[PDB]
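> Fold the following and give me the result.
(chains A and B)
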Amino acid sequence: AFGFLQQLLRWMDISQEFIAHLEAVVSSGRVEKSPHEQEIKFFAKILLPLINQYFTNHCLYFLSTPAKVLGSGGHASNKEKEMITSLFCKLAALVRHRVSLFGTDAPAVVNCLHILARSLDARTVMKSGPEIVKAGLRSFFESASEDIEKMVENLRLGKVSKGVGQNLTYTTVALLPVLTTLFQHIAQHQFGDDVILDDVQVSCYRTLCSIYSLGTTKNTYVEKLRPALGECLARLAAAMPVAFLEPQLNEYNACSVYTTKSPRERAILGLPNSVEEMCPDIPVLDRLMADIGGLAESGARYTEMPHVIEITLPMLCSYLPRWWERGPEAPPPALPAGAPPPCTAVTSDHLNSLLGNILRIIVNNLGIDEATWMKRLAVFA
Amino acid sequence: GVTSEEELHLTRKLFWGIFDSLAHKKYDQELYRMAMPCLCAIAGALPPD
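Numbering: from 1, shown residues only, chains lettered A, B, ... in the order given. Sure, the structure comes next:
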């Protein structure tokens, strides 16, 4: 695996060499010689299917650790975990804003990104890893946040919807499905408290800030993008180590930038000086629950609340279960570690209240002719 | 039974022999169509470690 991964990384710098040539010729100086035609075909037709199947079979080998072995036997070394992380980052940057240049090979690239994401032991890499490898993973989240911010501001009809077309097709086809898979992978393996710590949190906050900002937007593009945005936001909530819906209790959360970093810092990098101001347009948990309850009892149909059903509800359906285990009413093994008060106030009442509202929402739209959101809501609840 | 540490050596050479040769062969659709499954099968048999 070490030699196989090293060759794959060797082809990654080769891949970056001819895509720039393709970008150059597609911009100026058209020429169909294609000096790297052999390299392009080998990368697309051999490497991508090989990466797709190799890491599908040996997914448990790379996710295994000496503390906890998942596969039949053996576990990847730290260097192997570092290389597979750099492979994901280089491949993601390769396809960034170049989905069209891959032609029919773009579905192959994103499928490799999905499988590489499911085989990322990011806990070990971020804890004990080289700065270069860690900086690559941080740059991926930062780049993802910037692309989503450009996407949402274009969905705000700042542009009719140049680079707007490239950014829009890259995010909805490559960035969003991959980011959803990566967050789901982090949530399943409890990597949130180890990966999203200092600058990933800032990147994840901006992604959380921007995605929810579609509530005050009414367009045709936004209507078809809600299922993708909602699923991505739900996975982010499961992996987010901070209770962004309960900023009043953030002082008791160890995995927060406002506790890990000094007040002297957090000013060299732009931060709003208060946890409540990170995403101020997100209603607090108490407010959010009241709004859903009011809509459910009012008998409102799906047409007058598409944002809540497609985005807000999946967020709460994933936020509450995560923080029910870390707050009051949890089954606490906290005889030694019970001194810090819980950073959340989620109890079984919140989950019970939300479930009752969801059931009332469904029956309000029980007899309508078309509702494709019911199947998506069922799996989230 | 299990491999005898010599079949794995043959399998490892078989993988890199095809991989290196295919990396320099000019693109042939027929060759690539059946060489790729061979590499995937070989890679899926060798232990990663």
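> Going by C-alpha atoms from here, please, whenever you check contacts or count neighbours.
Fine.
> residues in contact with the residue lying closest to residue A:274 once chain neighbours are set aside?
Nearest non-adjacent residue to residue A:274, counting by CA to CA, 6 or more residues apart in numbering or on different chains: residue A:258, 8.0 Å away. Residue A:258 makes contacts with A:251, A:266, A:274, A:275, as judged by CA atoms under 8 Å, 6 or more residues apart in numbering or on different chains.
> I'd like the distance from residue A:258 to residue A:249, if you could.
Distance from residue A:258 to residue A:249, counting by CA to CA, to the nearest Å: 12 Å.
> What of residue A:381?
Relative to residue A:249, residue A:381 is positioned 26 Å away (CA to CA).
> Residue of the stretch 1-150 of chain A closest to chain B, please.
Nearest to chain B, among the residues of the stretch 1-150 of chain A, is residue A:1, at 4.8 Å (CA to the nearest CA).
> and residue 37, how many residues sit next to it?
Because you didn't say which chain, this covers chain A. Other residues near residue A:37 come to 14 when the count uses other CA atoms under 10 Å in any protein chain shown.
> nope, chain B please
Neighbourhood size, residue B:37 [other CA under 10 Å]: 15.
> roughly how far apart are it and chain A?
Plainly put, residue B:37 is 8 Å away from chain A if you go by CA to the nearest CA, to the nearest Å.
> which parts of chain B sit against chain A?
Residues of chain B lying near chain A by CA under 8 Å from any CA of the partner chain: B:22-27, B:32, B:36, B:39-40, B:43-44, B:48-49.
> tally of neighbours for residue B:47?
Neighbours of residue B:47 under the rule other CA under 10 Å: 12.
> hmm, back to that, put the buried members of the residues of chain B next to chain A into a PyMOL selection.
Restricted to buried positions by 16 or more other CA atoms under 10 Å in any protein chain shown, the PyMOL selection for the residues of chain B next to chain A reads:
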select buried, chain B and resi 22+27+32+36+39+40+43+44+48
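> would you turn the residues of chain B next to chain A into TSV with secondary structure and distance to residue A:31?
Below are the residues of chain B next to chain A laid out as TSV (DSSP: H, G, I helix; E, B strand; the rest coil; distance: CA to CA, whole Å):
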residue	secondary structure	distance to residue A:31
B:22	helix	26
B:23	helix	24
B:24	helix	23
B:25	coil	23
B:26	coil	20
B:27	coil	20
B:32	helix	26
B:36	helix	30
B:39	helix	33
B:40	helix	35
B:43	helix	37
B:44	helix	40
B:48	coil	42
B:49	coil	45
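> Spatially central residue in chain B, please.
Of all residues in chain B, the one closest to the mean position by CA atoms, centre = their mean is residue B:15, 2.6 Å from it.
> Tell me the spacing between residue A:163 and chain B.
Per CA to the nearest CA, residue A:163 is found 33 Å from chain B.
> again with residue A:190
Using CA to the nearest CA, we find residue A:190 at a distance of 25 Å from chain B.
> Excluding chain neighbours, what is closest to that residue?
Distances taken as CA to CA, 6+ apart place residue A:239 nearest to residue A:190, at 7.5 Å, with adjacent residues excluded.
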